[PDB]
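First the structure, in the form of structure tokens, and then the observations on it.
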Amino acid sequence: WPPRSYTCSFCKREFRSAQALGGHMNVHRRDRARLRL
Ligand SMILES: [Zn+2]
């Protein structure tokens, strides 16, 4: 993802903070799982 806040490419959530971002992906965890990197 690009800098200047982060957005989830699944539910379109907003979070500049990595604390919210990292945890937010955990609540998804559906299919793909890294895919390649
Ligand atoms: Zn994400």
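For the sequence shown, position 37 matches number 36 in our numbering, and the numbering has no gaps at all.
Using N, Cα and C, we set each Cβ at its ideal position, and we do this for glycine too.
Query	Result
Should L20 be listed as close to ligand 1, given that the test is whether its C-beta is under 7 Å from any heavy atom?	yes
Would you kindly work out how many angstroms separate the C-alpha atoms of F14 and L20, rounded to a whole number?	6 Å
CB-CB under 7 Å to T6, same chain, minus the five flanking residues each way: which ones, in chain order?	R12, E13
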